[PDB]
Every structure is written in structure tokens, then in C-alpha cells.
Amino acid sequence: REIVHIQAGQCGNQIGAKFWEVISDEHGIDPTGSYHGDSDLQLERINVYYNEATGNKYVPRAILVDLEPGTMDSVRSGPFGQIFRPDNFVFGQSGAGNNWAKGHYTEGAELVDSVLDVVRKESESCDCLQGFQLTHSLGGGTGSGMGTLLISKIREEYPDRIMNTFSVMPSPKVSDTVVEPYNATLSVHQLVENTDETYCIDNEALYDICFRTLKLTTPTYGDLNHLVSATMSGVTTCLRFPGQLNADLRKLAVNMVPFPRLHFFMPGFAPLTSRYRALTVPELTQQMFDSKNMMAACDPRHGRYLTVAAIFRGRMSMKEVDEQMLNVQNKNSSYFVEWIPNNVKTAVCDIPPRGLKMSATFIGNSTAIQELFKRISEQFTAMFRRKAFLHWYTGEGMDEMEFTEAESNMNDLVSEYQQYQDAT
Amino acid sequence: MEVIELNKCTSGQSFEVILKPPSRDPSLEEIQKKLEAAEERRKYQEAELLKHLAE
Amino acid sequence: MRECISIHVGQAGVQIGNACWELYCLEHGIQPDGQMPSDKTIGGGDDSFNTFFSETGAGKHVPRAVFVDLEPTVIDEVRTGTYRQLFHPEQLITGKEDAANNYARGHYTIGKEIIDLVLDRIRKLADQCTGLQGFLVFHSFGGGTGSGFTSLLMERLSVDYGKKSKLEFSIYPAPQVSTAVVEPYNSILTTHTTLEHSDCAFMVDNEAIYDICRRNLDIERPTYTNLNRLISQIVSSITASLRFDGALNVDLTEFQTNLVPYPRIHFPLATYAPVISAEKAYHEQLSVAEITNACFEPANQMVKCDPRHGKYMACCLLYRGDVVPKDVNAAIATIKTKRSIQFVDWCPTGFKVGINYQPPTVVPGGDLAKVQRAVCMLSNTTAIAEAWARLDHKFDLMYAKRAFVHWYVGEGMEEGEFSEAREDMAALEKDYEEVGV
Amino acid sequence: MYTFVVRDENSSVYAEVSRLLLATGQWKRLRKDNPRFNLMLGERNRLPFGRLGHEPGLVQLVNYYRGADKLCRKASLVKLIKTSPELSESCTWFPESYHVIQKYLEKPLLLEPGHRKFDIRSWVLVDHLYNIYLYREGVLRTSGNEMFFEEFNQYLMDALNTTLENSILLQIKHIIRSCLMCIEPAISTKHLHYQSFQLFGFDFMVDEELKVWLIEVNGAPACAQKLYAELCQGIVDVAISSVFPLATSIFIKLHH
Ligand SMILES: Nc1nc2c(ncn2[C@@H]2O[C@H](COP(=O)(O)OP(=O)(O)OP(=O)(O)O)[C@@H](O)[C@H]2O)c(=O)[nH]1
Ligand SMILES: Nc1nc2c(ncn2[C@@H]2O[C@H](COP(=O)(O)OP(=O)(O)O)[C@@H](O)[C@H]2O)c(=O)[nH]1
Ligand SMILES: CCNc1nc(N2CC(=O)Nc3cc(OC)ccc32)c2ncccc2n1
Ligand SMILES: [Ca+2]
Ligand SMILES: [Ca+2]
Ligand SMILES: [Cl-]
Ligand SMILES: [Mg+2]
Ligand SMILES: [Mg+2]
């Protein structure tokens, strides 16, 4: 059951490229594509993300997309840039200028049919396609606008397969343009309708974690991506490795998503580490639920968990793992909804991620995620009330009503997340 | 307690013990009908999706 | 020899099927290559073990079984396991993508694509049966294949074999080992659909078996391999009557007339004993009186409940080992004085007993010790209605918010099938209560 | 911390128990429908025994015994006395019975001055191990309007030349022991997946020869205001903290 990975934009290609470096080391695949690993567990489910080739080399099932040539050339100049299939690089020269409309409607429309042809060639090779996986940012132009366009057109050609996105939210603490709230609100409208599961990687949370936890006074984008590639490795563990839970994308969606629009997950990771003591299983569990380890700047105590999926990696007593997981639920049973019985599911994998010998990754569908959508909705309205910077979008053919429709669809999403926070 | 109907075999014995005494098939059509009514409802809501995507 | 077809649906069914047929091969002296030296009848016979095994001209004994999973990963390890030579490749059936823990996906969407394939390969087995008794079906309540595809299969087995009787072995969902959050949905749906198509259904609560392995075998974190090899011991003693010479439960029809007076109330509670650890160096051999006493302790049942606050409709005791009749009648005498055993008024208070002299067989190197006598009590008590009440309450907590319903209607199901199946269970709970109060 | 829920707010006894438990700083109260509790102070009618003991990693204790109804509804009680072999003809302490129809005590003991009739209520507690605990404090509902055991004892000494223990309490400890041992196999939770305790109210009347008779048993008793504080702490100490320990004996253990 194969997965097709697509990375769009500067952020999508950068977090996407680090993701492939991280998992290629875990599966013992070198930049040349050949295998040099001790365990055959590393090769068992490698077909999920890699394609076997002549000479028994493995090529990632990845499509790299951008409207600027620069980021793609840097990935090719990167350490693992040789591993990516050269045809799977799809790029243009115009750029999108941090303008959702240029990526979704004008500049992006020309390149989209080219990307879909690469998708199709990878899809036809697949014996059984689980679905697709997209890394992008919600605040730019290419990943935000053309990324949501591709999702709309992948759903048309493959209506039955699963669409999963890692979406990076904008924050004034790490910002590129003042129109990031415009791009984010417009994209969220799309993700609500056309994805099954979305991991909300909040740049505000990544900055704070680097700042106040890791004590990095001014973080680089690489500093934030180190947190992202850890989380992205942690949440795909049950897809890449044989374990007690042999999982796929659809079963995750079926169990994590009680209502179709409430599919925005809070990622969490422990231990948080900067770019020798190992954590005891009780420490992993306490930190994993700690708000200070969430990849979205939301207070989980301001909401209630609808569903929770947690992964533990390393060699540890599975008995102590479930004694500790049961302990948190029994000790904080207020923060889990009583109308979804047994809404916390734990999995254990023996292979830890490189560098750490014990690790815990957290996937939460918490109603506290609406703090993130309120924040982006507050920034959006402050501008849109006065129609500021709107001419950059109406000059590309959009109408003010399309902004009104996205604003209110997202404000509906927040009220829906609040409905269940209070239901009994 | 009475013991009733002791049957012996080479493999084992069987008996009964009493302490106290007392005091429309759904047709292949019907299942195939509902099996297809569900597939028509499926493809209805897919059509609605492909038309929402055409607009 | 009236023959019996086994069908294993979904992961739970296939791996439990693995446990039993492995055990069956040990109990009958059949090697993993299908050869049976005890069998001098080469290529045929009306023996009692031929109710479960067919014979080739090459002297191979092959299970009258079929394995069905909408995903290949679990049946593939049967195809490459120690007993790969045992099965013909055709009786192992697999699809491409599974039911994603979705009843409707397994019933309607993915079920309709494969239903005709397995019914064909079932009828290949039935054409080799001079006098087919019926079917033994193994599945989970919570799995999308185990719930959805089974209930479609049970529907179409009633049409194609309306005279033959269908027995069910079902894994009731337990959160300590459950894989899905919607398992109460699947359970209520498959039970409603299968109710009038199953003649007898033995439920096995994963939580009961889990805590037996923890308490008695001293395993801190039991696996499915532990649970299944325990489960198969119960399954083996229930089916032992059909594979060996007996007078009690020799045909599948007897399971109904002995245990099920009311067609809907066809869920007997099973209780097994002793469960002894193999690591225990020297185990006191438990008397007949002690292992018959244990059958009334809730801690040894396949479903956690209290028979003291229900009423019995029937009761079988199947002894395997060194058991003499007057040994059990003395044990029945002493325990009737010291325990609360209220049969319903319109039924006689008593027990049907079968003894098979061959002691229980265990898996070599397993964690179950070999004992010299063991007992399994099938009892149709109304106290099992508690297990329904628990499952229904969970169903009611989710369905009030309509949580996860969209995954089901998205597969073509109708929202009303939920409340239809739920008030069938609301009727099943009151039918139990009227009998037991 | 341990967790508990309260599903019978009209309970004056266990309301005070809830107060003391919260005051420990080691117990915290959950919402009624929250399943992840240690201790349930459940309802009187249709208490869902069938759903207790099924939450992993939680030791669950409830303040009622399933099957105790067989002793607390007077219809069931008379059926239990006549049919039970452990009692039956041997009862010289249950008035002849067939609400329901019972004989009347022609000859009650009359407290004087004032020719006063009375009944005695003692409170019994049965923990998760079926140890039987008789509260040393009882009370006579005389015809406030309540006489306690210190006064009644001194009355017995100065009026009839005997003590409360010898004249009456011996028979009471025998009756309490006799009924509760009878239904012990039917209601014990010693090897169940959940555990039970329960507070009982036995009511007795004494005839003019100092012979004690059992009027009725109540499965949800109230206490006298003077005694609420001492008994409720003993419930917590002997029945609740025995199962969930924290970081004189007001009871008399009835032996069996
Ligand atoms: N005793 C026992 N229970 C099992 C086993 N495997 C799965 N289960 C239980 O079965 C339930 C899940 O159903 P599965 O059988 O795994 O699902 P399935 O029938 O394959 O259906 P899908 O995977 O959704 O297509 C859970 O309650 C598990 O606890 C097993 O090998 N032994
Ligand atoms: N975490 C992270 N965020 C990024 C990175 N690059 C850009 N961003 C954020 O993404 C948004 C800009 O989107 P970008 O990818 O640069 O524009 P695009 O190429 O047109 O999609 C801004 O909010 C940035 O803060 C990165 O490498 N890591
Ligand atoms: C995308 C990787 N896939 C996956 N999927 C999981 N699943 C699928 C499943 O079968 N059950 C399940 C039940 C849940 O209930 C609240 C939650 C999640 C799941 C899962 N769970 C725990 C850790 C990691 C996991 N990774
Ligand atoms: Ca083209
Ligand atoms: Ca033969
Ligand atoms: Cl035992
Ligand atoms: Mg840029
Ligand atoms: Mg399965």
C-alpha cells in the first residue's frame, strides 16, 4: 500500500527534504539510494514511501513542486538531492509572490497539469494506493495556493484515496509578509473541504519551543524544521515500520475524525532536543501531553480531546507504557470527552529515531485547536475590515465575496470546535 | 440426583444429571436489492462531489 | 460422516483459526505436512475426525476450512507458516484493501466485490461433503471485515444452505486490546444483521481472556498468541464432540436443542478450567470437584458477568481427561448446596455431561501447562445480558452526538440502520430480562 | 489522587462522606457520567452494576451490594426467612409473617415514666471483605424524641437490674450476624471484578421479657444528627480507605 508524497513551495520543499533525509537514515538508505542497514525490519514496509529500482536501489515516491526554480536547485544541491527522481522535479520560473491567487488561479494553473502527470505516472505504478501526502505552508503563495489547487484536482481524479497534509501555519513571530493571514484563511477553507487529516504545524509554537525551551535566542528556519522532521518522522512511524499496529492512512482517519470537518490534529513530541540521558517512560508521557511540547500554539487545557493517538519508539516495557498512558487519562479524565469511549490509542515501535534511544510522538484531535484558527481569524479581520492589501488579489481576478466566504467558513469551524467542547 | 442416558464409547462417556424437575428467509433478491440501493446512494453522493468540483 | 465446514473471517478469525487447526493437528496426530500415521484408511473414511478433515489419494488430511480476509497481510503468514502445506491455496482468500474498521465498508462496498468469490470456494468444499452438518464461523465484532463481511456472509449462507446450521465464535471488543474506537458501532450492526441467521453464538470477551492470562498464566502483557492458544483450548473442547466419538453434541443441531430453547437467546456463557502456567514447576493436579467448582467463579468465564443475578436455561459440562461419572455427580452435589444456581421455572435444573478420556492437548513450548483433567461448561444464563448492556451503553454515548456516523453513510449505509439495529438490541435486552426476573 | 462520583444527592449519609473525602486533599469528585472513577456513590434504583469493573487500570468500589434487596424489601425478607434453611424454623426472632401481614407485639417493653413505646435502630457496615461492623452507637426512636444508648443502659440498670449488652445487644449481634451470613454467598464480591460495601440499618423491638425482634432492614439508612460525624469517618476509614489507602474503633467486628 503505497503513499505518494508531494512537496510544494519553499517551506514544503524544505520540510519535505528534511523528512526524506530523516527517514532514509532510519531505513538505512544512503544518498546514492542503496541500502546499508542491519535489520530487515528496515526494508519490510519501505514500499510505502520508496520505489524499488534497477540495481536494488530505492527511489522516494516524491514529487517536488514550486513556481520558482531556486528552492528545487537547493534540494538537488542538498545531501540527499541525488535520491529524488529527476523527472519528479516540476518547476516554473515566474514565482507566486506570496500571493494565494497567483498560486491557485493564475501562475499556478499553467503548471498544475504537469504535476498531475507525474502524480499519474507514480500512481499507475502503485499496486494499492493509500493516498497522498502534502507538505506546504499556508502563508505563502505556491504551497498555499497551488497546493490547495492540486488537492482539489487530485480529489477529482482519485476521489476514493486519502488526502493527508502537513500544513505550516503563519505567525507574526516568524513572518514573511503582512498578507499571511489572507493566504492562511483562504487555504484553510480548502483544507476543510478537501483533506481527510491535517497536521497543524504552527510556526508560532515552533518558535516558542526553540526560544523558551531550547533556549535558542534567535532561531533559523533549520531550527524549526528540526522540530518538524522529528514530528513528521514520529507520526509516520506506524506506516513505515512493522509493529503491533500495522496502520494506514484510512484507519487513522476513521478513528481520529468523529465529524468530517474536525480533522486538524495537534502534533506533539518528546523529548524536545536542539540540533545522553534517556527519558523514563513516565517522563515521556508527562512531556508528550505537556502543552510546552505541542507543535501548535494552543493550550490543550482550554479544550477537550476528541481522539488521541500516541507513539512510543525505542526499547521499553510495553507494560509500563500502558500503565502510564492509562494513568494520564484516569488522572485528567476531565479533558477527554465522555461520549467517545476509549479515545486514546497507543502504539509501540522498537526502532527509535536517530540520536534518541527513547521517544514519544503525540497526535491529538483536540478542540483547543480553535485557538489557532481564532488567532488567524483575528489577524485576517483586522485587515479585511478596511480591505487593506486586497488590491493585490482583486488585480488577479478574485472578488471580495470569496474572501467573505472563506472568513465565515473558518469562523464556522471555530464555532463547531466549540460546540463539542461543551456538549455532554 | 438422577442419572440419565449414559452412553459409553471407547473415547468417553456421556450422561445427564437432574437435581430438580421443571415447574422467513430474506431472498437473494432482497439482499441484492439493499446491496445495490447502498451502491446507488454511494454513487449519488460521488456525483454531487464531482459536480461540486466542476463548479 | 456428517461433515463440518469452518470459515474464518478477518484477522481475529484467521489467527484464531490458526490456533485451533494447529491444536486440532496435535490432538489428532496430524503432522504439518498433512500426513496422519494413525490413519490407515488412505484416501477416505467415515471416521469422526473426517468431519473436519478431508483426505487425498496421497494420504494428506486437509482442513474443511476457508480463510477470508479483505486484506492479505494476515492470511499471507498462513500461506508461509508451518502449516502452509496443510491448506489448498484456493481455501485461502484475500482482497486488496480492508474495511478500515468500518462495518458498512466491509458489508456493502468491499463485501459486494468478493461475496460471490468465497461462496464459490465454499461450495467447492460442500460438494466434497456427503452430508454437510453446517458451518463454524470465527470472527470479531469490532473488525470491519469481521463484522461487516461476516453478516453479509451469514445472510447468503442462509439462502444457499437453509437446512444447515451455522455456529458462531465471536470476539467481543475489549479496550485493553481493541484497535478501533468504533467497535461498539460494528458490534451492534453485525449482531442485528446476523441474529436470525446464527443458530448458536459463543462470545469470547477479550478482557476476560486477557485477565485470565495475567492472573493464572502470570503474563504481564499478553499478546494475541497467548489469547488465541487459550481461546483454542475452549474452542477445541466445544468442538471435541464433533471430531471424536461421543454421544453429547455429536452434530451441530444438538448445540441448539441442548443449549438454546429460545432462538434469539442463543448466546451461551462458556467457562473453562484449569488454566495452569507451564512455568509453574509442580502444579497440584486439581480434582474433579475443584475444576467443576471453578466453573461457577466469574474469574474463569469467557465473559465477565455474575450468573448469581440471572437464571439458567441450560448447562453442559464437557470434561477432557481422567474423569469418572460418579466423580462429577459428587461434585455437582456439593456445589449445589453452596452456590446460587436458579434455573428458570419452565426448565429442569440439571446438567448434560460429556467426558472425553483424552486429556487436553497443549502446544509444546507454550505457556499452558498440561493438566490431567479439564472441564468446559457451556451455560445459557441470562446474566450474559450485562455484556449487551455495556456494549449498548457505549453505542448510546457515541450515537447521541452522531460521532463517526458519516464514515458509515459515506459507504452507502443509511443513518436509520443504526437506530434499527439499536432497537433490535433494546429488544434483545428486554427479552433477556423477562426470562431472568 | 483517587476519583469518585456521586449519583444519589438525596443521601444525607454519603453527602457527608463526599465532604470528608474531598477534605482529604487526596480525593477529587468527577461528573456523574464520567466512567474513570475509583469509587461510586450510586443511585438507589437500577444502579448499573453491570458496567462496573470494566475500566482498565481502575480499581472500582461501590457503596451498595447487588442482591441486598433480598433483605431490605419486606416482601423479599419474609420469603428469605421462610425458604432459607440457614434460618427457617430456627428463627425465634422474626415475627410470624405472610405491604405484608405480620403479628403485632402485644407486650412491648415500656420505658417509664410515661409508658413509652420504642424501637431500636443500630447501623451496620459491611466492607469489601464481608467483615461485619456494628456501630457502637445506636438510638431508640422513642414515642429530641431520641434516646441514646448511654441513657437507655443506665435506665436498664436502675429499672430492671441489667445492662444493655446482656439484655438486648447480645440478641442484636446474633440477628445481624445471622441474616448477613445467610445471603453472603449470593452477594459477596470477594472474587468479582468490582468490589462492594454497604451501610445497613437494622430495626429492632423489645418485648416485656427483654427479647429482641427484627422489624425490618433498610438498605439506605439515614443517621441521627448527633452521630453523623463519627459514623461517616468510620465509613471512610474502614470501608473506603481500606481499599484506597492515604498518605478507638467506633465499630464492633461481628465474627464468623
Ligand atoms: N482474541 C483475539 N482477538 C483479536 C485478534 N486479532 C484482532 N482481535 C480483536 O479484533 C478486533 C479488531 O478486529 P479485526 O479482526 O482485527 O479486524 P478485521 O476483521 O480484520 O476487519 P478490518 O481490519 O477492519 O478490515 C479488536 O477488538 C481486537 O482486539 C486475535 O488474533 N485474537
Ligand atoms: N517551519 C518553516 N516555515 C517556513 C519555512 N519557509 C517558509 N516558512 C513559512 O511559510 C510561509 C511562507 O511560505 P513560503 O513557502 O516561503 O512561500 P511559497 O513558496 O510561495 O509557498 C511563512 O509564514 C514562513 O514563516 C521553513 O523552512 N520552515
Ligand atoms: C498514520 C499512521 N497511522 C496510525 N494509525 C493509528 N490508528 C489506526 C488504527 O487502527 N487505530 C487507531 C485508533 C485510534 O483511536 C483513538 C487512533 C489511531 C489509530 C495510530 N494509533 C496510534 C499511534 C499511531 C497511529 N498511527
Ligand atoms: Ca496533458
Ligand atoms: Ca482415513
Ligand atoms: Cl483456573
Ligand atoms: Mg520565499
Ligand atoms: Mg484487519
# chains A, B, ... in the order shown; residues from 1 in each chain; ligands from 1
$ select_by_dssp --residues "stretch 17-219 of chain D" --states "alpha helix (DSSP H)" --output "short mmCIF file (atom, residue, chain, number, x, y, z; two decimals) with N, CA and C atoms, in the first residue's frame"
data_model
loop_
_atom_site.label_atom_id
_atom_site.label_comp_id
_atom_site.auth_asym_id
_atom_site.auth_seq_id
_atom_site.Cartn_x
_atom_site.Cartn_y
_atom_site.Cartn_z
N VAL D 17 -19.96 11.90 53.61
CA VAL D 17 -18.79 11.14 53.18
C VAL D 17 -18.08 11.85 52.04
N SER D 18 -18.84 12.40 51.09
CA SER D 18 -18.24 13.16 50.00
C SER D 18 -17.47 14.36 50.53
N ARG D 19 -18.02 15.06 51.52
CA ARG D 19 -17.34 16.20 52.13
C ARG D 19 -16.00 15.79 52.73
N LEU D 20 -16.00 14.75 53.56
CA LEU D 20 -14.77 14.31 54.21
C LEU D 20 -13.75 13.82 53.20
N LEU D 21 -14.20 13.09 52.17
CA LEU D 21 -13.27 12.60 51.15
C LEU D 21 -12.58 13.74 50.42
N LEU D 22 -13.36 14.73 49.98
CA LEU D 22 -12.77 15.90 49.34
C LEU D 22 -11.83 16.63 50.30
N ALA D 23 -12.21 16.73 51.58
CA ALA D 23 -11.38 17.41 52.56
C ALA D 23 -10.04 16.71 52.77
N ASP D 69 -31.17 -6.34 48.05
CA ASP D 69 -32.62 -6.14 48.03
C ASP D 69 -33.36 -7.31 48.65
N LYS D 70 -32.79 -8.51 48.56
CA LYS D 70 -33.40 -9.70 49.14
C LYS D 70 -33.57 -9.61 50.65
N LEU D 71 -32.95 -8.62 51.30
CA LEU D 71 -33.04 -8.43 52.74
C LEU D 71 -33.71 -7.13 53.14
N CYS D 72 -33.91 -6.19 52.20
CA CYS D 72 -34.35 -4.84 52.53
C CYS D 72 -35.77 -4.50 52.09
N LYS D 74 -39.47 -5.87 52.49
CA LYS D 74 -40.05 -6.77 53.47
C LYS D 74 -40.73 -7.97 52.82
N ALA D 75 -41.18 -7.84 51.58
CA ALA D 75 -41.66 -9.00 50.84
C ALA D 75 -40.54 -10.02 50.65
N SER D 76 -39.39 -9.56 50.13
CA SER D 76 -38.26 -10.46 49.94
C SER D 76 -37.77 -11.02 51.27
N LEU D 77 -37.79 -10.20 52.32
CA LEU D 77 -37.24 -10.62 53.60
C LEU D 77 -38.01 -11.80 54.18
N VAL D 78 -39.34 -11.74 54.13
CA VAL D 78 -40.14 -12.84 54.67
C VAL D 78 -39.97 -14.10 53.83
N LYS D 79 -39.93 -13.95 52.50
CA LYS D 79 -39.63 -15.10 51.64
C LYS D 79 -38.26 -15.68 51.97
N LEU D 80 -37.29 -14.81 52.26
CA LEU D 80 -35.95 -15.29 52.58
C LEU D 80 -35.92 -16.03 53.91
N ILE D 81 -36.68 -15.56 54.90
CA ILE D 81 -36.66 -16.20 56.21
C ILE D 81 -37.28 -17.60 56.13
N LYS D 82 -38.44 -17.71 55.49
CA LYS D 82 -39.16 -18.98 55.45
C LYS D 82 -38.42 -20.01 54.60
N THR D 83 -37.98 -19.61 53.40
CA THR D 83 -37.34 -20.56 52.50
C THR D 83 -35.92 -20.93 52.93
N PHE D 149 -27.80 5.30 73.75
CA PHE D 149 -27.51 4.05 74.45
C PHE D 149 -27.01 4.27 75.87
N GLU D 150 -26.34 5.40 76.14
CA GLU D 150 -25.87 5.66 77.49
C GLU D 150 -27.04 5.82 78.45
N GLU D 151 -28.04 6.62 78.07
CA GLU D 151 -29.22 6.79 78.90
C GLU D 151 -29.99 5.48 79.04
N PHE D 152 -30.29 4.83 77.91
CA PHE D 152 -31.06 3.59 77.94
C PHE D 152 -30.38 2.53 78.79
N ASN D 153 -29.05 2.46 78.74
CA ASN D 153 -28.33 1.50 79.57
C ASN D 153 -28.53 1.80 81.05
N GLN D 154 -28.29 3.05 81.45
CA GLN D 154 -28.47 3.41 82.86
C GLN D 154 -29.92 3.24 83.30
N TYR D 155 -30.88 3.44 82.40
CA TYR D 155 -32.26 3.11 82.72
C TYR D 155 -32.40 1.63 83.02
N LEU D 156 -31.84 0.78 82.16
CA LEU D 156 -31.97 -0.66 82.34
C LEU D 156 -31.36 -1.11 83.66
N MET D 157 -30.22 -0.52 84.05
CA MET D 157 -29.59 -0.90 85.31
C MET D 157 -30.47 -0.52 86.49
N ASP D 158 -30.93 0.74 86.53
CA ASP D 158 -31.69 1.23 87.67
C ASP D 158 -33.15 0.77 87.66
N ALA D 159 -33.69 0.42 86.49
CA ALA D 159 -35.08 -0.02 86.43
C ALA D 159 -35.22 -1.53 86.54
N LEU D 160 -34.41 -2.29 85.80
CA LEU D 160 -34.59 -3.74 85.71
C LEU D 160 -33.37 -4.55 86.14
N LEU D 164 -27.41 -3.06 79.03
CA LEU D 164 -27.84 -3.09 77.64
C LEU D 164 -27.16 -4.21 76.86
N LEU D 170 -26.76 -8.65 72.91
CA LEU D 170 -26.35 -9.99 72.52
C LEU D 170 -27.25 -10.54 71.42
N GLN D 171 -28.57 -10.40 71.61
CA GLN D 171 -29.51 -10.87 70.60
C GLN D 171 -29.37 -10.07 69.31
N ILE D 172 -29.09 -8.77 69.41
CA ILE D 172 -28.95 -7.94 68.22
C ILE D 172 -27.75 -8.37 67.40
N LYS D 173 -26.60 -8.57 68.06
CA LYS D 173 -25.42 -9.04 67.35
C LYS D 173 -25.65 -10.41 66.72
N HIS D 174 -26.53 -11.22 67.31
CA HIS D 174 -26.84 -12.53 66.74
C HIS D 174 -27.73 -12.40 65.51
N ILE D 175 -28.72 -11.50 65.55
CA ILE D 175 -29.63 -11.33 64.43
C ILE D 175 -28.89 -10.73 63.23
N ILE D 176 -28.12 -9.67 63.47
CA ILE D 176 -27.34 -9.05 62.40
C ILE D 176 -26.41 -10.08 61.76
N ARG D 177 -25.70 -10.85 62.59
CA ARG D 177 -24.80 -11.87 62.07
C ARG D 177 -25.56 -12.92 61.26
N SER D 178 -26.78 -13.25 61.69
CA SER D 178 -27.49 -14.39 61.11
C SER D 178 -27.99 -14.08 59.70
N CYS D 179 -28.62 -12.92 59.51
CA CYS D 179 -29.14 -12.57 58.19
C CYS D 179 -28.01 -12.37 57.19
N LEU D 180 -26.94 -11.67 57.60
CA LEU D 180 -25.89 -11.30 56.66
C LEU D 180 -25.03 -12.50 56.27
N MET D 181 -24.84 -13.46 57.17
CA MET D 181 -24.18 -14.70 56.79
C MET D 181 -25.02 -15.51 55.81
N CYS D 182 -26.34 -15.37 55.88
CA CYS D 182 -27.23 -16.17 55.05
C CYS D 182 -27.05 -15.85 53.57
N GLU D 184 -24.61 -14.15 52.22
CA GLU D 184 -23.22 -13.91 51.84
C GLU D 184 -22.84 -14.60 50.54
N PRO D 185 -23.15 -15.88 50.31
CA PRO D 185 -22.81 -16.47 49.00
C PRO D 185 -23.51 -15.79 47.84
N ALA D 186 -24.68 -15.20 48.08
CA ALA D 186 -25.44 -14.60 46.99
C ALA D 186 -24.94 -13.22 46.59
N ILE D 187 -24.26 -12.50 47.47
CA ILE D 187 -23.97 -11.09 47.20
C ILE D 187 -22.50 -10.73 47.38
#
$ closest_atom_pairs --of "chain B" --to "stretch 413-434 of chain C" --cutoff "10 Å" --atoms "only C-alpha atoms" --output "CSV"
residue,atom,partner,partner_atom,distance
B:34,CA,C:413,CA,9.5
B:35,CA,C:413,CA,9.5
B:37,CA,C:413,CA,9.0
B:38,CA,C:413,CA,5.9
B:39,CA,C:413,CA,8.9
B:41,CA,C:413,CA,8.0
B:42,CA,C:413,CA,8.4
$ interface_residues --of "chain A" --to "chain D" --cutoff "9 Å" --atoms "only C-alpha atoms" --output "list in words"
residues 322, 323, 326, 327, 329, 330, 331, 333, 334 and 338 of chain A
$ closest_atom_pairs --of "chain C" --to "ligand 6" --cutoff "7 Å" --atoms "only C-alpha atoms and all ligand atoms" --output "CSV"
residue,atom,partner,partner_atom_place_in_ligand_line,distance
C:216,CA,ligand 6,1 (Cl),6.6
C:273,CA,ligand 6,1 (Cl),4.8
C:274,CA,ligand 6,1 (Cl),3.9
C:275,CA,ligand 6,1 (Cl),4.5
C:276,CA,ligand 6,1 (Cl),6.6
C:294,CA,ligand 6,1 (Cl),6.6
C:300,CA,ligand 6,1 (Cl),6.3
$ write_last_selection --atoms "N, CA, C and O atoms" --output "short mmCIF file (atom, residue, chain, number, x, y, z; two decimals), in the first residue's frame"
data_model
loop_
_atom_site.label_atom_id
_atom_site.label_comp_id
_atom_site.auth_asym_id
_atom_site.auth_seq_id
_atom_site.Cartn_x
_atom_site.Cartn_y
_atom_site.Cartn_z
N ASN C 216 -3.64 -16.15 35.90
CA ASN C 216 -3.35 -17.57 36.06
C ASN C 216 -2.08 -18.03 35.36
O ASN C 216 -1.40 -18.92 35.87
N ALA C 273 -11.67 -24.44 32.85
CA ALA C 273 -10.76 -24.67 33.97
C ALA C 273 -10.14 -26.06 33.90
O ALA C 273 -10.82 -27.01 33.47
N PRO C 274 -8.88 -26.24 34.32
CA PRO C 274 -7.98 -25.23 34.88
C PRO C 274 -7.10 -24.56 33.83
O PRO C 274 -6.83 -25.15 32.78
N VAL C 275 -6.65 -23.34 34.13
CA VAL C 275 -5.64 -22.65 33.34
C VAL C 275 -4.39 -22.56 34.21
O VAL C 275 -4.33 -21.76 35.15
N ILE C 276 -3.40 -23.39 33.90
CA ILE C 276 -2.19 -23.53 34.71
C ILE C 276 -0.98 -23.09 33.89
O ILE C 276 -0.87 -23.42 32.70
N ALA C 294 -14.76 -24.35 39.98
CA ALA C 294 -14.24 -23.16 39.31
C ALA C 294 -15.16 -22.68 38.20
O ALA C 294 -15.17 -21.49 37.88
N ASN C 300 -13.19 -17.14 35.77
CA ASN C 300 -12.79 -18.15 34.80
C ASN C 300 -13.69 -18.20 33.57
O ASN C 300 -13.55 -19.10 32.74
#
$ interface_residues --of "chain B" --to "chain A" --cutoff "12 Å" --atoms "only C-alpha atoms" --output "PyMOL selection string"
chain B and resi 42-43+45-55
$ write_last_selection --atoms "C-alpha atoms" --output "CSV table (one decimal), in the first residue's frame"
chain,number,residue,atom,x,y,z
B,42,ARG,CA,-22.8,5.9,-2.8
B,43,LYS,CA,-22.6,7.0,-6.5
B,45,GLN,CA,-23.0,11.4,-3.4
B,46,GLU,CA,-19.9,11.0,-5.5
B,47,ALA,CA,-21.7,12.6,-8.5
B,48,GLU,CA,-22.7,15.5,-6.2
B,49,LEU,CA,-19.0,15.8,-5.3
B,50,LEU,CA,-17.8,15.7,-8.9
B,51,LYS,CA,-20.3,18.4,-9.8
B,52,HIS,CA,-19.3,20.5,-6.8
B,53,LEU,CA,-15.8,20.1,-8.2
B,54,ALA,CA,-16.9,21.0,-11.7
B,55,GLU,CA,-18.4,24.3,-10.5
$ closest_residue --among "A:362, A:265, A:207, A:259" --to "ligand 2" --atoms "only C-alpha atoms and all ligand atoms"
A:207
$ residues_near_ligand --ligand "ligand 4" --cutoff "8 Å" --atoms "only C-alpha atoms and all ligand atoms" --output "ChimeraX atom specification"
/A:113-114,117
